[PDB]
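Read top to bottom, the protein sequences are chains A and B. FYI, in the deposited numbering the residues of the first sequence are 299 to 339, 348 to 716. FYI, in the deposited numbering the residues of the second sequence are 299 to 338, 348 to 718. Even for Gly, the Cβ is constructed at its ideal location relative to N, Cα and C.
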Amino acid sequence: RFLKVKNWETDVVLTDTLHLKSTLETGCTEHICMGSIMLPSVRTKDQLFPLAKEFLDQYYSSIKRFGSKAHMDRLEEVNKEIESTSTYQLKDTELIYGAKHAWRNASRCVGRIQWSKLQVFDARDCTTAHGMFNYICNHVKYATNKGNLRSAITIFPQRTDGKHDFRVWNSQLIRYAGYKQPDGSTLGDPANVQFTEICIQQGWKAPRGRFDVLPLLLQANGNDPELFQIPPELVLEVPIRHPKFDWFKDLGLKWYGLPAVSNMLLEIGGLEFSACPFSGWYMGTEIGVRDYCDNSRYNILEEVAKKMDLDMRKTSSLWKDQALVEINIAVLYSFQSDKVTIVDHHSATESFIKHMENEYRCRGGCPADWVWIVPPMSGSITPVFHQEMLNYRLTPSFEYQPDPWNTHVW
Amino acid sequence: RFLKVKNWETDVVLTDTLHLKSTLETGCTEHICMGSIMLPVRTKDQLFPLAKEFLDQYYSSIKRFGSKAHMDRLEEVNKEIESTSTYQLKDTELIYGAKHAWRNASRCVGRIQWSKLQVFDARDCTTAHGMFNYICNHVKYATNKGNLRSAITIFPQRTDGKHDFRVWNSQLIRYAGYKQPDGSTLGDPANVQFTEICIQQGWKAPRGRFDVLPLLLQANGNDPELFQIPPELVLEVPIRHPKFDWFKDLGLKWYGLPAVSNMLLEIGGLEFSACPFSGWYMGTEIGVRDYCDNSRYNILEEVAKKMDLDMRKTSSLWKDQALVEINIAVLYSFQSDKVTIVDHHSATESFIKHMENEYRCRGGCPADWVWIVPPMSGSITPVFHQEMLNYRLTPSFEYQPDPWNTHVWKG
Ligand code: HEM
Ligand code: HEM
Ligand SMILES: Cc1cc(N)nc(CCc2cc(F)cc(CC[C@H]3CCCN3)c2)c1
Ligand SMILES: Cc1cc(N)nc(CCc2cc(F)cc(CC[C@H]3CCCN3)c2)c1
Ligand SMILES: C[C@H](O)[C@H](O)[C@H]1CNc2nc(N)[nH]c(=O)c2N1
Ligand SMILES: C[C@H](O)[C@H](O)[C@H]1CNc2nc(N)[nH]c(=O)c2N1
Ligand SMILES: [Zn+2]
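Given below as structure tokens:
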């Protein structure tokens, strides 16, 4: 019940007690592990006050005021507001703590060593999609910081009755369009084909190129969503070239510098923030392995191997593997040259081992999802591969939520 | 109740009902997942239900459930258990069991081949010398001059746990590892502890970098005994690279036959504690893990040096570059010497076809994503995008403690 995790490369063993504070469910039972399922599955007055109590108790513990007058006063004050209003509002300081700890608790995130440096933008006074646009532009500019990227989150008003939801319909703030063609192939980003539809199909005018930055589709107070173009001077992009292959630039590849997830739900103290775009900086493999080389994405392996004149006849020449490394060398090379923050998978996983060490030492544990923490290339030459991890669900947390166009009473 | 898995690269969705036949625990609970944990004495009381469960499965597979053959065999096993406290499997049952143990092995990517297992019944063996003879014949049959054939040899089952047969080697064929006084390691670092036992038991170590370890064999709970596998039975492959001529000068070689020998085979409640089994290698087991793991031969540095790579910052991906070349060399050397090997792209594609077939004709296929996904180039293989359900079916292969920790020495 006071569990242990072993690293098999170093024999270091850690003792996890934090899992005893777990609350939500994992989807596993003692008969079947769902550790590899991508995503398994209104608040009443009754369920809401225990959730607030749990949160405020850990908040006042972290500031070393558990069982103080200020604690009990805040407890009763929120208690009163719930009995009256059927919800409540977080103090700024509780909002920042809640956001930083949703990141800290995100078991699938390898970049958490930076969790405590998050920049939190309170947008709870926003009322309109134009206002949402303004807040999001300010976020993008601050986080991008001319290439010296800084982590940030912007938090729009919390859900009330589910009829007045604030939603960013983009899955990320910055993403490239994707169009089906007569040919039957797909131009641009295939993962964005449906959304690139629902933009044009909502009023957008597509340049129909390969790397067209999608417009924002912003929904305030449950109204119809509105299109907005992010000023190009705010969207930092990196042309992609190889440090050794001059034909690489002729591939005509580029990627954007800012990864900004915008479709998740932030839960703090029982309250639900359905619009909470957050951003950090890329790990190189997200672009080079996944975005470029997934079959259901840009899928450039064949063209790159062709240009390398590799023996593509049999899989045992490891030509996909060989191209894959070169592509990822280039992505890192391009970002570093243009002075835009990026981390390689060796540094990020080494950082995460250090972070686990600190969490076990000063917190008693660190929830972690091996299936997602281990990079999608060169898995076993990174230290996380040999690291046992326990996965459990803490709160505050980021959660998945249904796509809006399926839900909006249009 | 039914359960769905989705392939996120092809949107193929499958429905698992087989998990309803699940017995043993996983280690997971509703509030914690132990999915990445490497490792999560039996009386007549619980034995006949385990036997009955197994025989019901056996007779369903041969389309004879409820037959008089089925009912008499149940009765016969029943009386043998109450009279003798254990029971014996028929030959047919033992073959069925070992095949299905492999079929149920949720961490094995190679399971498309499960129906083609050669089973050697060694239940009449009684001494370590008899064990040595059976294992030699397995190695000769399985190697087949490089045209490898899957096989398993099954020594007598446990009785009171004080008369166990055990193969003390973790694998039938492995290289020695020697710790030097200066702290460095010669050979395979993973085998230092076992090599020391062998030397303590009287093995004369040649102390090279690729010395095949002796077999240490324990019969009927007696002290184990040393034997040297005849070298002409140990097929080995010099590692060269198809473009780099300097690669041969690294002096690398590997044996051809992967043969796991320290696991426990469970069939109908009977425990077979010595059950060596062998197949053929996936390239990455040698090229990624054996050679490049930091706690193994760890040749990335030497290979990166000779490739003249930017080794100053990790972001040059010099490690990933050297790893790919080492894995091309392993595949090229094996193919050139006509020793059966499979690359990780071929092996994962086959397992996806196997898994889909299993869902259709069996109702599911238990699978451990953490172990199925290869240790390099994960997401460019199709298993990476495949959701999988992990649960334990029997017959099964289980882990057991190392014998030198539990053995009572005679002298
Ligand atoms: C600062 C550098 C960061 C790096 C290098 C990083 C890296 C990653 C990576 C590689 C993933 C895997 C997901 C995928 O492959 O698509 C991930 C997931 C995730 N990240 Fe981080 N991230 C960073 C910042 C942040 C920040 C600032 C937040 C929130 C404030 C965050 C929250 C999350 C969450 C919630 C998930 C997983 C969502 C899920 O459950 O599926 N990350 N991250
Ligand atoms: C014939 C070709 C085969 C291939 C290519 C293959 C490949 C693999 C691989 C790569 C693993 C992962 C283990 C690791 O990386 O250390 C594995 C695990 C396993 N294999 Fe197969 N295997 C084959 C045949 C067999 C046979 C013949 C058996 C038994 C009759 C078997 C039973 C198992 C079991 C029980 C495991 C689980 C290991 C554990 O839990 O530690 N495999 N296999
Ligand atoms: C802030 C940040 C930094 C970084 N370095 N990277 C990302 C993107 C990784 C990510 C995080 C999430 F919270 C959710 C997703 C999408 C989840 C599913 C949908 C499609 C495939 N993955 C992705 C975000
Ligand atoms: C038949 C076979 C075929 C193949 N192609 N390969 C193997 C070796 C894979 C394997 C299987 C096992 F049943 C157990 C192990 C070792 C277990 C743990 C101990 C430390 C790290 N691995 C390895 C076996
Ligand atoms: C801690 C972790 O479970 C451990 O490193 C596992 C991960 N996956 C693996 N997968 C395979 N095929 N072989 C292994 O030895 C391991 N080791
Ligand atoms: C089915 C499987 O869960 C799916 O492919 C997962 C595996 N691991 C992953 N790991 C990361 N970091 N990102 C992903 O999108 C996925 N996808
Ligand atoms: Zn689990």
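Asked, Found
"Is residue 346 of chain A close to chain B, meaning its C-beta is less than 7 Å from at least one C-beta of that chain?", "Between 339 and 348, chain A has no modelled residues, and residue 346 of chain A is one of the positions in that gap."
"For B:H661, decide whether its Cβ has a neighbour in chain A, counting only Cβ atoms nearer than 7 Å.", "no"
"Could you give the first and the last residue of the continuous alpha helix (DSSP H) run that contains A:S703?", "Premise fails: A:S703 lies in the beta strand (DSSP E), 703–705, not in any alpha helix (DSSP H)."
"Over what stretch of residues does the alpha helix (DSSP H) that includes B:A629 continue unbroken?", "625–643"
"Run through DSSP, which three-state label would A:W678 get?", "helix"
"Kindly say whether B:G671, judged by its beta-carbon, lies nearer than 7 Å to any beta-carbon of chain A.", "no"
"Among B:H329, B:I546, B:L354, B:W510, which has the Cα closest to the Cα of A:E323?", "B:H329"
"In chain A, what lies closer than 7 Å to B:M695 by C-beta?", "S334"
"Using CA atoms only, rank isn't needed, just tell me which of A:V567, A:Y639, A:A581 is closest to A:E573.", "A:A581"
"Take every Cβ of the stretch 649–656 of chain A, pair it with every Cβ of the stretch 621–637 of chain B, and state whether three or more of those distances are shorter than 8 Å.", "yes"
"Would you say A:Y394 reaches chain B, if we count a Cβ-Cβ gap shorter than 7 Å as a contact?", "no"
"Tell me the rounded alpha-carbon separation between B:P583 and A:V426.", "59 Å"
"Can you tell me whether DSSP reads B:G437 as helix, strand or coil?", "helix"
"Compute the distance between the beta-carbons of A:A654 and A:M695, then report whether it is under 7 Å.", "no"
"List the endpoints of the continuous alpha helix (DSSP H) containing A:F427.", "No alpha helix (DSSP H) contains A:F427, which is instead part of the beta strand (DSSP E) from 425–428."
"Report the neighbours of B:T327 on chain A: residues whose CB is nearer than 8 Å to its CB, in chain order.", "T324, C326, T327, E328"
"Do B:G576 and B:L316 have their C-beta atoms closer together than 7 Å?", "no"
"Going by beta carbon distance, what residues of the same chain come within less than 6 Å of B:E665, once the five residues before and after it are set aside?", "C672"
"Is A:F658 helix, strand or coil when you go by DSSP?", "helix"
"Can you tell me whether A:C599 is buried or exposed? The criterion is at least 16 other CB atoms within 10 Å of its CB, across all chains shown.", "buried"
"Quick one: give me the first and last residue of the alpha helix (DSSP H) that B:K469 is part of.", "No alpha helix (DSSP H) holds B:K469; DSSP gives it neither H nor E."
"Considering only residues of the same chain and omitting the five flanking positions on each side of B:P689, which have a CB-CB separation below 7 Å?", "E307, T655, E656, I659"
"Roughly how many angstroms separate the alpha carbons of A:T713 and A:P463, rounded to a whole number?", "19 Å"
"Roughly how many angstroms separate the alpha carbons of A:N476 and A:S568, rounded to a whole number?", "6 Å"
"For A:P545, write down the residues that DSSP places opposite it in a beta bridge.", "A:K560"
"Are B:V637 and A:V631 close, meaning C-beta to C-beta below 7 Å?", "no"
"Note the first and the last residue of the continuous alpha helix (DSSP H) segment covering A:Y698.", "No alpha helix (DSSP H) holds A:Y698; DSSP gives it neither H nor E."
"Of all the CB atoms in chain B, is at least one closer than 7 Å to the CB of A:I687?", "yes"
"In the DSSP output, what is B:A458 paired with across the bridge?", "B:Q425, B:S585"
"State the DSSP-derived secondary structure class of B:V446, mapped to helix, strand or coil.", "helix"
"Hey, how far is the Cα of residue 346 of chain B from the Cα of A:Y698?", "Coordinates for residue 346 of chain B are lacking, as chain B steps from 338 to 348 with nothing built in between."
"Helix, strand or coil: which one does DSSP assign to B:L318?", "helix"
"When the Cα atoms are used, what is the spatial distance from A:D431 to A:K397?", "13 Å"
"Is the beta carbon of B:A566 sitting closer than 7 Å to the one on B:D518?", "no"
"Round the Cβ separation of B:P702 and B:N411 to the nearest angstrom and send it over; I've been treating them as touching at under 8 Å.", "6 Å"
"What does the Cβ neighbour count give for B:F372, buried or exposed, with the cut at 16 atoms within 10 Å?", "exposed"
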